[PDB]
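Q: Pasting a structure below so you can have a look.
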Amino acid sequence: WXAXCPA
Amino acid sequence: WXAXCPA
Amino acid sequence: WXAXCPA
Amino acid sequence: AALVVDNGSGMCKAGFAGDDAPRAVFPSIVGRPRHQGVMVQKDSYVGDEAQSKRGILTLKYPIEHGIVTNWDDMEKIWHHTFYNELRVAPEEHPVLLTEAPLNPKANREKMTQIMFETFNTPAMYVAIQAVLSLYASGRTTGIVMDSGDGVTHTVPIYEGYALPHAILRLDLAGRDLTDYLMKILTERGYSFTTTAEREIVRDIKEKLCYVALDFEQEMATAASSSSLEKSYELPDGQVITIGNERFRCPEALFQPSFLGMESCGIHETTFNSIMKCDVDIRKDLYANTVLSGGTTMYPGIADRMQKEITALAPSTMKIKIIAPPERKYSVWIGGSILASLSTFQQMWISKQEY
Amino acid sequence: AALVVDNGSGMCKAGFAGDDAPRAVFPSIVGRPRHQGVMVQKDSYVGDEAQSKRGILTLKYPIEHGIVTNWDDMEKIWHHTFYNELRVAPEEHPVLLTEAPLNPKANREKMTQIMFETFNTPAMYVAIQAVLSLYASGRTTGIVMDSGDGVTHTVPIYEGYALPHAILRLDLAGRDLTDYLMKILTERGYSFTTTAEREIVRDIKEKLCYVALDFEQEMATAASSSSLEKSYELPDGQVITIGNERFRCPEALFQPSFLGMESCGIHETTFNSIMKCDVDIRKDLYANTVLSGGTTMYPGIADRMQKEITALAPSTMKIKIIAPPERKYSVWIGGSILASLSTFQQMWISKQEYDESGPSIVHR
Amino acid sequence: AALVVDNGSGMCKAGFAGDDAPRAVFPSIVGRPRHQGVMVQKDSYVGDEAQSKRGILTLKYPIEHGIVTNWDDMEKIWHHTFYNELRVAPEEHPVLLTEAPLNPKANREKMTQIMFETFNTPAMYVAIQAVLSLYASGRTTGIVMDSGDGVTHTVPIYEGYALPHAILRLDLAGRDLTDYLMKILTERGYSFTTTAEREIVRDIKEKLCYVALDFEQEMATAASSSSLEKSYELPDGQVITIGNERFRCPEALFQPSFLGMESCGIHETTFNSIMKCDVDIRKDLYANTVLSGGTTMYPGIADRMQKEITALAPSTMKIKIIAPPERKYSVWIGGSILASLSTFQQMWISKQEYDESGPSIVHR
Amino acid sequence: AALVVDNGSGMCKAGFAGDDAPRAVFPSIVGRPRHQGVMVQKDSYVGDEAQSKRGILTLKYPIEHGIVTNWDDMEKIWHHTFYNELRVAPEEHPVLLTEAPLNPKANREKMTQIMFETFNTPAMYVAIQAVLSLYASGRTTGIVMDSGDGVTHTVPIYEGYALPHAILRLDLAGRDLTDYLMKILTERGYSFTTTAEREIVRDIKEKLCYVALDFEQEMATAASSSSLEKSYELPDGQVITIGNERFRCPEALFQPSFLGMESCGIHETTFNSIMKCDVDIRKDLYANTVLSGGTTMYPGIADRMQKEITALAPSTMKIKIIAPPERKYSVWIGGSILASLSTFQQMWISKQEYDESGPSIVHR
Ligand SMILES: Nc1ncnc2c1ncn2[C@@H]1O[C@H](COP(=O)(O)OP(=O)(O)O)[C@@H](O)[C@H]1O
Ligand SMILES: Nc1ncnc2c1ncn2[C@@H]1O[C@H](COP(=O)(O)OP(=O)(O)O)[C@@H](O)[C@H]1O
Ligand SMILES: Nc1ncnc2c1ncn2[C@@H]1O[C@H](COP(=O)(O)OP(=O)(O)O)[C@@H](O)[C@H]1O
Ligand SMILES: Nc1ncnc2c1ncn2[C@@H]1O[C@H](COP(=O)(O)OP(=O)(O)O)[C@@H](O)[C@H]1O
Ligand SMILES: [Mg+2]
Ligand SMILES: [Mg+2]
Ligand SMILES: [Mg+2]
Ligand SMILES: [Mg+2]
């Protein structure tokens, strides 16, 4: 992802 | 209805 | 709630 | 001076003797709240105060149709009349009361003790409403078409005295027309059923209803042309239109068969009442027909009464429907004249005689 | 044979006037999906088909208080009644309909136009619902106290033909009781808000609600023990127990102040309606009080009605509450008899007379 | 000095009678650690203390949809409110509580039990939140729409006499919008899933979200330019930008179909509540609409509410929306006035009245 | 025959429409050497070629949690899967894609741009992985718990209309289990660390570990004897023995607190999806649970799910877990059915439609 998580 | 109640 | 919703 | 208090069914009028118009004219409704109160309380609202908050009240008329239902509610309105609307105490000055024609003395006896004990008025005089209607018209002879909100009385009085045998009572009044109006208002889709909505229908009746000279001719005009349609604005902002209900509700007075009553109309009842008196005075009564009460304010009713009675009456008789513009307050206006008389002191029912 | 289509506020019944039970009985609801279709169904479902799939539909009632509020929707139910349930073409057989009394003129007028234009029925007739109920009971003089979902009308009838000046209509019926039940069902913690959840409440009302003989002593009895609590199983599987709410909902029929309405209860309304008749007729009407409609199917409502009317009525004269076991379809059965009755066959409003006059000819 | 503690779904406000603002306001959350401890504090953190250490705790809301779902956690908040925030003894001063309308009968029933056996308060009153909101404005007539954190309800009041049959309750409030905002935030790539991350979303909602006057026009505007995009900084230093989601999350209030709920919008609910009221009092309700609660603080919601009702309401009527700047604490401010009223001292539920009868006295 | 390419986090399946099994299946990894070639091949190896020589390459997963984190490697896999696996030019056959629900809009937007520009496919469609899995089962109502390598999503579907408000997505899948398994494998001394050594751990996961019926008794059983201990042979010839770790790594699916994630287990998530649905449709969803994806291939996961849901679900309810043997390729099989369905042949996205509007056409 962008914000939260990595992806 | 029209005047009074809903219908 | 008990029946319907969660609470 | 004296208080001309007219405890009429529906509109009740109060004022001082020697005046031209009643000072206080407020509805005779004792409303009570039906929904509970969560925040602030005036357990009972009486008169104009109840009308303003009529949305959350159960408006109960203490007088059904001449037959007083609650005698406790009547004292509440009389208490409201003196202390609130007039802000005067009947202790100093006598009061004058108006009486519906041909009523059981049981109604009168209870009325006598209330003024004399609950209010302690020095003097009081009970007078027939129909008799006082002609007094305000300036003539002591003739027939009075007393048609109020409750009960229509046809009293052809003579020399200022009502004829007990010639009085004919027709249970066809403004309230019955009001019920009939909302009964036929449901045809167009407008449904007024609760007591609060009843007052709304009455305002429509007083502002839009009128008597048609020819019922059959107007039906063709109403169906062919919607010119008779008129718009009225509800308190909530809604707009409604009535096409033929304007002259179908007042037409119930002349044709009671609309409401299932076997009795004849006011025009026929007026003709019947005249014949019950002696022949020698019949010509005098035909000329002097004075309408009274708020029911007879539908425009064109004098012309309709003139046309209907003329056909019923013989051609030799002459018909003159005297319709003063102040017929609603004539009962009160006549009472002011009677109380202002210097000779009125003789028949006062003083405290000693009680 | 003539169709007898008795469209009701909640449930509509269609038959053939040659039977004692309607051929097709389905709820008068049309539901439309409230979600998108990713499984690449019809645009809308009508009747019992919508009931089965009511979870994914927003159920809408085309009739509210005996007034057709959505004419486009009602043009579908009749299309569904003739072509899907009865499976008979209206163009060959006449159609009988029932309308509640004291209805707006435009409601029945538009009914005549649709059937004579969209369906092209050879003949049509609109009959008062209460009058049909009396013929089902084999009586010609009685005050029919009919109660459904939108209309609770008491029409006194004397030697037939009814009395128009004494017809009383009250807008408190089964649908209000359903809505009142969910308002008081939140008392115990059960929340039924959506339209789909409303039908579950209706099943609870039909199976567990009953009329108490005395409300005051029943309130105390339910508050001191648990013998009045009954368990109902939801479609999800949760078990819910309702106590005093079993008889509180039907009590709104006799005490409309619970819903905040100034109108008198059905027990007093029937008493008031009789008083509007002539003195001699009041002897016959009291002894021939006939209930009808599905609302009057509560256990013990007839006994409660007798007790309430007796107190209001004079003690010198008797009260007889007639409660036929088939009163749910009483309106349709009378229509079946009337359509098979020889007299009514001359009352068919034919197509040819319709075009010369228009839809306004139905009012008679 | 009567205590006025208003427990809400998101934040509970406590203070004193006679004041104008709450003394202590903190989120109504009880959180406990999930990761195992290593270095040698407390078992549970309640209030703003949980906010500071929200990165490690599992935040749980003891109140959901206006119903206390965990009485163990609820007792801690009250214990923390009295002995840590107000720092007063409840045994000497009465406590005024607020509850949502149409709540389960057992909800506040346990509330009476707790304050009468665990805290031994001398007296306690329970009042509807919407009723107290009208007190703060000083009005005596108007439809109070209280959109809180868990429950949104409209309770019309006319001259003090409330109308229970016109009370409409919606289970759509700020918490549902917070859950919806993080659902649509994943469209741009931001994923908030933990309950700790929910507070981050809630902070985003309270700062950048607003109600668009014309949703259809604004949607095209946001897709044709970049004027509506705003930048927000996460607690870890990350900078994120949100575009059309600013007016999409608050739009769910007016169009609950976004959440999949069949209930009507807040504009329809307010209009529908007025329709249930009588015709005479409708005039005094259109010009006296009162808003309250934190959810109704979106910039431009008052203007939007004016426009939406105007289309539904008759054109003759003049609709005036009252949006006081302090409507967040309108429930408490009105509650403070009630506790200080001289006439209100007779309606306190005394300790003697409770133990002699039981919790049955409440619900009166 | 329209191409049906399903790009997964761990493994991607590509084939042809109308067939029953994928034509070519290879792991979705792109690897490059971390050393220099002194001896006198290719810069990057993708697919099964990387797995064979994985001792030198650095395997990188282009897909993480169902989101394309590296579009350079995505172009390599698609270029390889068309010209080296299927041996078909993509300029003549339309291509169908599967994407996880609640994904960023940019993820499926750039998927649209690549094939319309780089491969110039005549048309293409993107469908939800869970929706396609129901097609393979031949059913039309059920909750598809699709657990893969990067994402785990449950999408309830009832009679065609899928509920978007009840769709739950979890970042708990096979790759998290693989990372967890190598973390607990260090307790026995085995220290698989490198990304090339991770694939060895996955092979252990795909052969030995299983889901226990109950966790508590198995912990005592494995710690009291050696019956559950199993031997595995490493590629270099070393032999390792793993005991209680067999039922600990898959246990993280039902107890995500082991990995530090606060999200509920797969049994609670699939139960929470049912509750968000309406009460009416819960009956047909309890008995039609469908499992899919490679994560749901553990021996005994179906029995464990049935036991866990039964405790949460009402006792009277009948819970049935459907676990077809081919559920590893369930998503692709459903996709092959869609591309052959006649009605779907018009739902594709034409090249002309893309040109006039742009990448935004895909979101509808
Ligand atoms: N201008 C009017 N047009 C039609 N009806 C009226 C008019 N004025 C009054 N009324 C009705 O006539 C009824 C009789 O009122 P009134 O004569 O003042 O009292 P009472 O009935 O006691 O004599 C009232 O109920 C009122 O609704
Ligand atoms: N056995 C019963 N017990 C309680 N309520 C019932 C029962 N049967 C029907 N009802 C209610 O009475 C209502 C009346 O329906 P019905 O009389 O069949 O048609 P209509 O819609 O014409 O009234 C129904 O909506 C139903 O909810
Ligand atoms: N300025 C604001 N903008 C947007 N949302 C707000 C604002 N202030 C409060 N809210 C939201 O409104 C909700 C209701 O909070 P509040 O009304 O203060 O107490 P209660 O919990 O009693 O409703 C809160 O959960 C909060 O997220
Ligand atoms: N029989 C099995 N036992 C244990 N794990 C498995 C098994 N089959 C597949 N898996 C795991 O499930 C994950 C997901 O693979 P799969 O569902 O085939 O494709 P996708 O990557 O699209 O989910 C793989 O990474 C694999 O490690
Ligand atoms: Mg008079
Ligand atoms: Mg019926
Ligand atoms: Mg609040
Ligand atoms: Mg997959």
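The listed protein sequences correspond, in order, to chains H, J, I, D, C, B and A. Heads up: the first sequence begins at 1 in the entry's author numbering, then just goes up one per residue. Heads up: the second sequence begins at 1 in the entry's author numbering, then just goes up one per residue. Heads up: the third sequence begins at 1 in the entry's author numbering, then just goes up one per residue. According to the entry's author numbering, the fourth sequence holds residues 6 to 45, 49 to 362 in order. According to the entry's author numbering, the fifth sequence holds residues 6 to 45, 49 to 372 in order. According to the entry's author numbering, the sixth sequence holds residues 6 to 45, 49 to 372 in order. According to the entry's author numbering, the seventh sequence holds residues 6 to 45, 49 to 372 in order. All C-beta atoms in this analysis are idealised placements derived from N, C-alpha and C, irrespective of residue type, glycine included.
Examine ligand 7 and report whether any of its heavy atoms sits within less than 7 Å of the Cβ of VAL339 of chain B.
A: Yes.
Q: Which runs of the alpha helix (DSSP H) spanning at least 4 residues fall entirely within the region 189 to 245 of chain A, listed in chain order?
A: Entirely contained in the region 189 to 245 of chain A, the alpha helix (DSSP H) runs reaching 4 residues are, in chain order, 203 to 213, 223 to 232.
Q: In the DSSP assignment, find the alpha helix (DSSP H) that holds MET82 of chain B and state where it starts and stops.
A: Taken as a continuous stretch (DSSP letters only), the alpha helix (DSSP H) holding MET82 of chain B covers 79 to 88.
Q: Taking the alpha helix (DSSP H) that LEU142 of chain B falls in, what are its first and last residues?
A: That run of the alpha helix (DSSP H) goes 137 to 145.
Q: At what residues does the alpha helix (DSSP H) containing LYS284 of chain A begin and finish?
A: From DSSP, the alpha helix (DSSP H) with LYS284 of chain A extends over 274 to 284.
Q: Measuring CA to CA, which of D:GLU99, D:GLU237, D:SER350, D:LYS315 is closest to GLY251 of chain D?
A: Nearest option by C-alpha distance: D:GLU237.
Q: Let me know the secondary structure DSSP gives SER300 of chain D once reduced to three states.
A: Here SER300 of chain D sits in strand by DSSP.
Q: Could you have a look at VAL339 of chain A and say whether DSSP puts it in helix, strand or coil?
A: Looking at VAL339 of chain A - three-state DSSP - the assignment turns out to be helix.
Q: Measure the alpha-carbon distance for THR303 of chain D versus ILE151 of chain D and round it to whole angstroms.
A: If I take the Cα positions, the gap works out to 17 Å.
Q: Measure the beta-carbon distance from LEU105 of chain B to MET132 of chain B and round it to whole angstroms, keeping in mind my assumption that it falls under 8 Å.
A: Yes, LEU105 of chain B and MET132 of chain B are in contact; Cβ-Cβ is about 6 Å, under 8 Å.
Q: What first and last residue would you give for the alpha helix (DSSP H) that runs through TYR166 of chain A?
A: Segment 160 to 166 is the beta strand (DSSP E) holding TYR166 of chain A; no alpha helix (DSSP H) there.
Q: Hey, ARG210 of chain B and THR186 of chain B: beta-carbon distance below 8 Å or not?
A: The answer is yes: Cβ separation under 8 Å.
Q: Near ligand 4, which residues have their beta-carbon closer than 6 Å to a heavy atom?
A: Residues flagged by the Cβ proximity filter: A:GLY13, A:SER14, A:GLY15, A:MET16, A:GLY156, A:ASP157, A:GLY182, A:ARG210, A:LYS213, A:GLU214, A:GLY301, A:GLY302, A:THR303, A:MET305, A:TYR306, A:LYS336.
Q: Could you please give the first and the last residue of the uninterrupted alpha helix (DSSP H) stretch that includes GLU361 of chain C?
A: From DSSP, the alpha helix (DSSP H) with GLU361 of chain C extends over 359 to 365.
Q: Using 8 Å as the limit for Cβ to Cβ distance, is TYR198 of chain D near chain J?
A: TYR198 of chain D counts as touching chain J.
Q: Listing by chain order, which chain H residues have their CB less than 7 Å from the CB of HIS73 of chain A?
A: Per Cβ cutoff of 7 Å: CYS5, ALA7.
Q: Could you name the residues of chain J that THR77 of chain C contacts, counting a contact when the two beta carbons are closer than 9 Å?
A: Result: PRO6, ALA7.
Q: For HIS275 of chain B, tell me which candidate among B:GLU259, B:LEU267, B:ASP288 has the shortest Cα-Cα distance.
A: For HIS275 of chain B, the nearest C-alpha among the options comes from B:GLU259.
Q: Given that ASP179 of chain A touches chain H, what residues does it touch there, using C-beta distances under 8 Å?
A: What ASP179 of chain A touches in chain H: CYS5.
Q: Using three-state DSSP, classify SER155 of chain A as helix, strand or coil.
A: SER155 of chain A falls in the strand class under three-state DSSP.
Q: In whole angstroms, what separates the C-alpha of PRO70 of chain D from that of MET313 of chain B?
A: Computed Cα separation, rounded: 44 Å.
Q: May I ask whether a heavy atom of ligand 2 can be found less than 7 Å away from the beta carbon of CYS257 of chain C?
A: No.
Q: Residues of chain B with CB under 8 Å from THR194 of chain C, in chain order?
A: Those within 8 Å of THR194 of chain C in chain B are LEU110, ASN111, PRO112.
Q: Please identify, using Cβ separations under 9 Å, the residues of the region 253 to 280 of chain A that lie next to chain B, in order along the chain.
A: Under the 9 Å Cβ criterion, the region 253 to 280 of chain A contributes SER265, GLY268, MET269, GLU270, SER271.
Q: Who are the neighbours of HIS40 of chain B on chain A, taking C-beta pairs under 8 Å?
A: Within 8 Å Cβ-Cβ: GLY268.
Q: Would you check if the distance between the CB atom of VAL43 of chain C and the CB atom of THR351 of chain A is smaller than 8 Å?
A: It is not a contact, given that the beta carbons lie outside the stated cut-off.
Q: Kindly give me the distance between the Cβ atoms of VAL287 of chain A and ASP244 of chain C, rounded to whole angstroms, as I take these residues to be in contact under 8 Å.
A: Right, the Cβ-Cβ distance comes to about 5 Å (below 8 Å), so this counts as a contact.
Q: For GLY251 of chain C, decide whether its Cβ has a neighbour in chain A, counting only Cβ atoms nearer than 8 Å.
A: Judged by the 8 Å Cβ criterion, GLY251 of chain C is not in contact with chain A.
Q: Closer than 8 Å by beta-carbon distance: list the chain C residues that pair up with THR229 of chain D, in chain order.
A: The premise fails here: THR229 of chain D is roughly 17 Å from chain C at the closest Cβ pair, so nothing lies under 8 Å.
Q: Hey, could you find the ends of the beta strand (DSSP E) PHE31 of chain A is sitting in?
A: It spans 29 to 32 - the beta strand (DSSP E) in which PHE31 of chain A sits, taken as one unbroken run.
Q: Check the Cβ-Cβ distances between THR129 of chain D and every residue of chain C, and say whether any is below 8 Å.
A: Chain C, which has no Cβ nearer than 8 Å to the Cβ of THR129 of chain D, makes this no.
Q: Express the C-alpha separation of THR77 of chain C and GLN246 of chain D in angstroms, rounding to a whole number.
A: The straight-line gap from Cα to Cα measures roughly 18 Å.
Q: On a CA-only basis, which of B:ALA7, B:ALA6, B:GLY13 is nearest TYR337 of chain B? Give me that one, please.
A: Comparing Cα-Cα distances from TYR337 of chain B to each of B:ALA7, B:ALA6, B:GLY13, the minimum goes to B:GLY13.
Q: Start and end of the alpha helix (DSSP H) containing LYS18 of chain C?
A: Element bounds for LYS18 of chain C: not the alpha helix (DSSP H) but the beta strand (DSSP E), 16 to 19.
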